[PDB]
Amino acid sequence: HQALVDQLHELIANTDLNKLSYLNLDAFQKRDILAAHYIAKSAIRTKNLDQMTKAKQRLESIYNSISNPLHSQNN
Ligand code: NA
Ligand code: NA
Ligand code: NA
C-alpha cells in the first residue's frame, strides 16, 4: 500500500495550514485539518489500512471543500 501512503503524504502537504491563509478557514476547519494530519500520520506509522483509507477519504474531502469554500462573512 505504498500508493496510499504517497497519496496521504500529498494530501497532508496540500492542506498545510501555513499556506492556506488566503482561504479564510475558521477554527473548526483548521482543527479538522490538524486532526486529519495527526490521524493520517499515525495510521501510516502503524500501517493501519482501515485508518489510512479513512484518513485519505477525509483529507480528500477537506481539500475539495476548502478549495471550493464557503464565503467568509460574519453573519
Ligand atoms: Na485564516
Ligand atoms: Na472542535
Ligand atoms: Na476491516
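Any value given below was found using the heavy atoms of this structure, including those in side chains, with hydrogens, waters and symmetry copies removed. Just follow the structure's listing: the first ligand is 1, and inside any ligand the first atom is 1. The first residue in the sequence is number 1, and the count goes up from there.
Within the structure, every pair that satisfies the salt bridge (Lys or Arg N to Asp or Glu O under 4.0 Å) test and touches residues 18-39, not counting sequence neighbours, is listed here: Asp32-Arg58.
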Would you list the atom pairs, donor with acceptor, under 3.5 Å between side chains in residues 40-51 and any protein atom, with sequence neighbours excluded?
unit_1	atom_1	unit_2	atom_2	d
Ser42	OG	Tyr38	O	2.7
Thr46	OG1	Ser42	O	2.9
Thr46	OG1	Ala43	O	3.4
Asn48	OD1	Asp50	N	3.4
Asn48	OD1	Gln51	N	3.2

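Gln73 pairs by the side-chain hydrogen bond (donor to acceptor under 3.5 Å, both in side chains) definition with nothing, not counting sequence neighbours.
Of the N and O atoms on the side chains of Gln2 and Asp6, at least one donor lies less than 3.5 Å from an acceptor on the other residue.
Around the Na ion (ligand 3), the protein N, O or S atoms found under 3.0 Å comprise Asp50 OD2.
Within 6.0 Å of the CG atom in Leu34, the count of heavy atoms belonging to other residues, nucleotides or ligands exceeds 12.
Of the possible donor and acceptor atoms, one in the side chain of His37 sits under 3.5 Å from a partner among the backbone N and O of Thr15.
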